[PDB]
Amino acid sequence: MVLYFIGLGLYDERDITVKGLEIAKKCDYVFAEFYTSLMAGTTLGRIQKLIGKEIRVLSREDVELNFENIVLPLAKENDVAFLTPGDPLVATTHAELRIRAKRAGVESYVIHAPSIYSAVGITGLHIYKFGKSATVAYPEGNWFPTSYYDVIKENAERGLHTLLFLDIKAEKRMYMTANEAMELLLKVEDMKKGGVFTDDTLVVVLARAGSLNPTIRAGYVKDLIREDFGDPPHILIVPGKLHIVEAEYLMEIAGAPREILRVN
Amino acid sequence: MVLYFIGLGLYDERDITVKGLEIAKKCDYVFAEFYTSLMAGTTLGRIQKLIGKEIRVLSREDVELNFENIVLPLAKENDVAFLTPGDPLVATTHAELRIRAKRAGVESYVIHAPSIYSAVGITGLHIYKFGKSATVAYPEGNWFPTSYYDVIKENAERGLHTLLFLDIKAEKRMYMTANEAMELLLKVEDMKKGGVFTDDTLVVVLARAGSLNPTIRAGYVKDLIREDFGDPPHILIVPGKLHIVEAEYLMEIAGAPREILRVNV
Ligand SMILES: Nc1ncnc2c1ncn2[C@@H]1O[C@H](CSCC[C@H](N)C(=O)O)[C@@H](O)[C@H]1O
Ligand code: NA
Numbered sequence: 014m015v016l017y018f019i020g021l022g023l024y025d026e027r028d029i030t031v032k033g034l035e036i037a038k039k040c041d042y043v044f045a046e047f048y049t050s051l052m053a054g055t056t057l058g059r060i061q062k063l064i065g066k067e068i069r070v071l072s073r074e075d076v077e078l079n080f081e082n083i084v085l086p087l088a089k090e091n092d093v094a095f096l097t098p099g100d101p102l103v104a105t106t107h108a109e110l111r112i113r114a115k116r117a118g119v120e121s122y123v124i125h126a127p128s129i130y131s132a133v134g135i136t137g138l139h140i141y142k143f144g145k146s147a148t149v150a151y152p153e154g155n156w157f158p159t160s161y162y163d164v165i166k167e168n169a170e171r172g173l174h175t176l177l178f179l180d181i182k183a184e185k186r187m188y189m190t191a192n193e194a195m196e197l198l199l200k201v202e203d204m205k206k207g208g209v210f211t212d213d214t215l216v217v218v219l220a221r222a223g224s225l226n227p228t229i230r231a232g233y234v235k236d237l238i239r240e241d242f243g244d245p246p247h248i249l250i251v252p253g254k255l256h257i258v259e260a261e262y263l264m265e266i267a268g269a270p271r272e273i274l275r276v277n
Numbered sequence: 004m005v006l007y008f009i010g011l012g013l014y015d016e017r018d019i020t021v022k023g024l025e026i027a028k029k030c031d032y033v034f035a036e037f038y039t040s041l042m043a044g045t046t047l048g049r050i051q052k053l054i055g056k057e058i059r060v061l062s063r064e065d066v067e068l069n070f071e072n073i074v075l076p077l078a079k080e081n082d083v084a085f086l087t088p089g090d091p092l093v094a095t096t097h098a099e100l101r102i103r104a105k106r107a108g109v110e111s112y113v114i115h116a117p118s119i120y121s122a123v124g125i126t127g128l129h130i131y132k133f134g135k136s137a138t139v140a141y142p143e144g145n146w147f148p149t150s151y152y153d154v155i156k157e158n159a160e161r162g163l164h165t166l167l168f169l170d171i172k173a174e175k176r177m178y179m180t181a182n183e184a185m186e187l188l189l190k191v192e193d194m195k196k197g198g199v200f201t202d203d204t205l206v207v208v209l210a211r212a213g214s215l216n217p218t219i220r221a222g223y224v225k226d227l228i229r230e231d232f233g234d235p236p237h238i239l240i241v242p243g244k245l246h247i248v249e250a251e252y253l254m255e256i257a258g259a260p261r262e263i264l265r266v267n268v
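Take a look at the structure:
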């Protein structure tokens, strides 16, 4: 008679917490969505095998328009689990689903999992120094999103790092690469000319966090724009003012150029 | 012949990931530290029982001063694990530990787990709206730090939420409760009078994140400052202007007063 929102983690089926696994295995029905992010190191089959249940995957429309018609009805008479990549509530609108659950008289519980939001720690950038985050969205038709550019500007003025979630078109199997994000940002700069993102801007790329060998690279846009960072998912980060120890990590672990040491 | 930084997660022994547990079980030596934070929903004994290996606890000095003499040497001929509450490398100084490993010729890998940085999502506050984070520290002697108050001011001014970690003295096991944090912030407000943190400020308190039964409470300082949020540690958040959906979540899930719909949105 309850609903569990359970995160599956960053890259593969084993990124689920022990808590999440033991609970999922005992749920009567298991639902999931894989449109909010990409778990590049696993498959629906491997996940089902792990928890030993058949998983009904839902589309964004199924969730946003019919969560209360598809999932909640079963939660009224059974224990139901709703799985999501990473942490279920981070950079999604799933939190709102708990309100729906309540209205339907269904108690809900959240089981966290490693999220890209904290995995940024592996870039060596102090996590407390990150400011407002944003998402680089694919332009659509004549509509060209640019608010994310202003976020970078605002954080940079404060010396804070900016985390940029990258766009995803799950149904089209399209996952935005850090390269595509950089290209878009350069075009926005050419339009706004705020000196926010140029060929000389230091950026950090984190690809496939959660995997054993994620790609962690740092350097100037002019040098990374055409670099191959491997398969998606990717996140792009625009550091603010660096502490010496952050720069040292970027240099020795992420291959950044020695010049970034002159933080002042 | 490798070092694994493995996160223990949020609250109890089941907050480690399947990957983290399986790797820890394959390591010849397993170390851990609980000075950055504690695992309040479990005990060292339960964690050791789960992993099935003796766990050697290291002090702040053992780590900061002698990581290369205690942990790294063993990675030359063995697989070693270094367990930390939350997600590895989140604590400010831990990333440098990877640099030490590399400089010492030791390959290292990071196995992630849930962190409070992402788990605060359960407050219903949009993660992208969080700005710079800070820690509320106790004043000592002739030193009265107030930077955390300025962080709140700068974030709120830009419509951003502020995640506030509360002072902790692991060894002594002395915690600053959310109540104590509010009292301190009010004192700072009286000093700077910037209109940043007052009796009318809306705040959110999160305790025992990770547990199946966390305490999530939202309301004005005047009403929550003397409320009992249960056992520490507590996390304090000062939201910036709210999206109506965030407000509705705080009301339905965190018991916030309906007044926030007309005052903080
Ligand atoms: N393992 C990973 N490596 C790199 N980027 C990742 C990632 N997982 C998610 N992302 C980034 O975040 C975007 C999804 S946003 C949803 C995030 C998810 N709830 C979480 O907690 O992680 C992706 O398009 C990508 O830009
Ligand atoms: Na943050």
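If you read the sequences in order, they're chains A and B. Using my numbering, read the first sequence as starting at 14 and increasing by one per residue. Using my numbering, read the second sequence as starting at 4 and increasing by one per residue. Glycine residues also receive a C-beta, built at the ideal position from the N, C-alpha and C atoms.
Validate contact between the region 101-113 of chain A and the region 208-225 of chain A using beta carbons, cut 8 Å, 3 pairs: no
Mind pulling the chain B residues with CB within less than 8 Å of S160 (chain A)? Numbered from 1 along the first sequence, position 147 holds the residue referred to as residue 160 (chain A). Result: empty, since nearest Cβ-Cβ is about 11 Å, beyond 8 Å.
If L138 (chain A) and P252 (chain A) are in contact, beta carbons under 8 Å, what's the gap, nearest whole angstrom? Walking along the first sequence from the start, residue 138 (chain A) turns up at place 125. Walking along the first sequence from the start, residue 252 (chain A) turns up at place 239. Confirmed, about 6 Å.
In the DSSP output, which residue or residues are listed as bridge partners for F85 (chain B)? Reading the second sequence from its first residue, position 82 is the one you call residue 85 (chain B). B:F8, B:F34.
What are the start and end residues of each continuous beta strand (DSSP E) run of 3 or more residues lying completely inside the region 139-191 of chain B, in chain order? 165-169
Output yes if chain A places a C-beta closer than 9 Å to the C-beta of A181 (chain B); else output no. The count along the second sequence starts at 1 and reaches residue 181 (chain B) at position 178. No, its Cβ sits nowhere closer than 9 Å to a Cβ of chain A.
Pair within 9 Å by beta-carbon distance, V21 (chain B) and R27 (chain A): By one-based count along the second sequence, residue 21 (chain B) stands at place 18. By one-based count along the first sequence, residue 27 (chain A) stands at place 14. Yes. Within cutoff.
Does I29 (chain A) get closer than 9 Å to chain B when you measure Cβ to Cβ? As a position in the first sequence, residue 29 (chain A) is number 16, starting the count at 1. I29 (chain A) counts as touching chain B.
Between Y152 (chain B) and the rest of its own chain, which residues show a CB-CB distance below 8 Å, the 5 nearest in sequence each way excluded? In the second sequence, residue 152 (chain B) corresponds to position 149, counting from 1. So the qualifying residues of the chain are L188, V191, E192, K195, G197, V199, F200.
Check each residue of the region 86-102 of chain B: if its Cβ is closer than 9 Å to any Cβ of chain A, include it; give the result in chain order. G89, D90, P91, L92, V93, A94, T95, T96, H97, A98, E99, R101, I102
Tell me whether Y141 (chain A) counts as near ligand 1, meaning its Cβ is closer than 8 Å to at least one heavy atom of that ligand. Within the first sequence, residue 141 (chain A) is the residue found at index 128, counting from 1. The answer is no for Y141 (chain A).
Should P236 (chain B) be flagged as near chain A, meaning a C-beta pair shorter than 9 Å? Start at 1 with the first residue of the second sequence, and residue 236 (chain B) comes out as number 233. Closer than 9 Å: no.
Can you give me the Cβ contacts of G134 (chain B) inside the same chain, cut-off strictly under 8 Å, excluding the 5 residues immediately before and after it? Start at 1 with the first residue of the second sequence, and residue 134 (chain B) comes out as number 131. Within the same chain, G134 (chain B) has close Cβ partners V154, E157, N158, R161, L163, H164, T165, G243.
Proximal residues to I248 (chain A) (C-beta, below 7 Å), its chain only, five neighbours per side dropped: What you label residue 248 (chain A) is simply residue 235 of the first sequence in a count that begins at 1. Excluding residues within five positions, the ones whose Cβ falls inside 7 Å are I129, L176, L177, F178, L179, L219.
Counting only beta-carbon separations shorter than 9 Å, does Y48 (chain A) have a partner in chain B? In the first sequence, the residue the question calls residue 48 (chain A) occupies position 35. Judged by the 9 Å Cβ criterion, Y48 (chain A) is not in contact with chain B.
Could you list which residues in chain B have their beta carbon closer than 7 Å to that of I135 (chain A), in chain order? For the purposes of this step, residue 135 (chain A) is taken as residue 122 along the first sequence, with counting starting at 1. Ordered by position in chain B, the residues that pass the 7 Å Cβ test against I135 (chain A) are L92, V113.
Run the Cβ filter for me: residues under 5 Å from any heavy atom of ligand 1, listed in the order they occur in the chain. A:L23, A:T49, A:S50, A:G99, A:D100, A:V103, A:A104, A:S128, A:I129, A:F178, A:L179, A:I181, A:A222, A:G223, A:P246, A:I248
Could you give the distance in angstroms between the alpha-carbon of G58 (chain A) and the alpha-carbon of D212 (chain A)? Working through the first sequence from its first residue, we reach residue 58 (chain A) at position 45. Working through the first sequence from its first residue, we reach residue 212 (chain A) at position 199. Between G58 (chain A) and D212 (chain A), the C-alpha separation is close to 43 Å.
Counted within 10 angstroms of its Cβ, other Cβ atoms place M185 (chain B) as buried (16 or more) or exposed: The count along the second sequence starts at 1 and reaches residue 185 (chain B) at position 182. Classification for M185 (chain B): buried.
heavy atom of ligand 2 below 8 Å from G134 (chain B) C-beta: Start at 1 with the first residue of the second sequence, and residue 134 (chain B) comes out as number 131. Yes; taking the cut-off as 8 Å, the Cβ of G134 (chain B) has a heavy atom of ligand 2 nearer than that.
Opposing strand residues paired with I248 (chain A) [DSSP bridges]: Looking up residue 248 (chain A) in the first sequence gives position 235. Paired residue(s): A:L219.
What in chain B is Cβ-close to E265 (chain A), meaning under 8 Å? On the first sequence, position 252 is the one that residue 265 (chain A) refers to. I102, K105, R106, listed in chain order.
Is the beta carbon of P98 (chain A) sitting closer than 9 Å to the one on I19 (chain A)? As a first step, residue 98 (chain A) must be located in the first sequence, where it is residue number 85. As a first step, residue 19 (chain A) must be located in the first sequence, where it is residue number 6. For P98 (chain A) and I19 (chain A), no; Cβs fall outside 9 Å.
Under 8 Å, with one C-beta from each stretch per pair, do the region 106-126 of chain B and the region 152-161 of chain A reach the 3-pair mark? no
Could you tell me which residues DSSP puts in a beta bridge with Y233 (chain A)? Here residue 233 (chain A) corresponds to residue number 220 of the first sequence, with the count starting at 1. DSSP output for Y233 (chain A) lists A:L215 as bridge partner(s).
Measuring only between beta-carbons, confirm whether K132 (chain B) sits less than 9 Å from chain A. Reading the second sequence from its first residue, position 129 is the one you call residue 132 (chain B). Yes, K132 (chain B) counts as interfacial toward chain A.
With three or more beta-carbon pairs closer than 8 Å as the criterion, would you say the region 29-44 of chain B touches the region 50-70 of chain A? no
Looking at ligand 3, does it come within less than 8 Å of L166 (chain B), judged from the CB to the closest heavy atom? The model on display carries ligand 1 and ligand 2 but not ligand 3.
What whole-angstrom Cβ distance do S40 (chain B) and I171 (chain B) have, given they're in contact under 8 Å? Walking along the second sequence from the start, residue 40 (chain B) turns up at place 37. Walking along the second sequence from the start, residue 171 (chain B) turns up at place 168. 7 Å between Cβ atoms; contact.
Could you spell out where the alpha helix (DSSP H) holding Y130 (chain A) opens and where it closes? As a first step, residue 130 (chain A) must be located in the first sequence, where it is residue number 117. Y130 (chain A) -> alpha helix (DSSP H) spans 129-132.
Where do the ends of the alpha helix (DSSP H) carrying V113 (chain B) lie? Reading the second sequence from its first residue, position 110 is the one you call residue 113 (chain B). First-last for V113 (chain B): 110-114, but that is the beta strand (DSSP E), not the alpha helix (DSSP H).
Determine, for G10 (chain B), whether the minimum Cβ-Cβ distance to residues of chain A falls below 9 Å. Taking the second sequence and counting its residues from 1, the one referred to as residue 10 (chain B) is at position 7. True, the Cβ-Cβ gap to chain A drops below 9 Å.
Min CB distance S136 (chain B) to chain A below 9 Å: For this step, residue 136 (chain B) is matched to residue 133 along the second sequence. Interface residue, yes.
Under 9 Å by beta carbon: chain B residues contacting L173 (chain A): Stepping through the first sequence from its first residue, residue 173 (chain A) is reached at position 160. Under the 9 Å cutoff, chain B gives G134, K135.
Residues near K225 (chain B) by beta carbon distance below 6 Å, same chain, minus five either side: Position 222 of the second sequence, counted from the start, is the residue given in the question as residue 225 (chain B). Cβ neighbours of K225 (chain B) beyond the five flanking positions: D202.
Thinking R271 (chain A) and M264 (chain A) are a contact (beta carbons under 8 Å), I'd like their distance in whole angstroms, please. Here residue 271 (chain A) corresponds to residue number 258 of the first sequence, with the count starting at 1. Here residue 264 (chain A) corresponds to residue number 251 of the first sequence, with the count starting at 1. Rounded, the Cβ-Cβ distance is 6 Å, consistent with contact.
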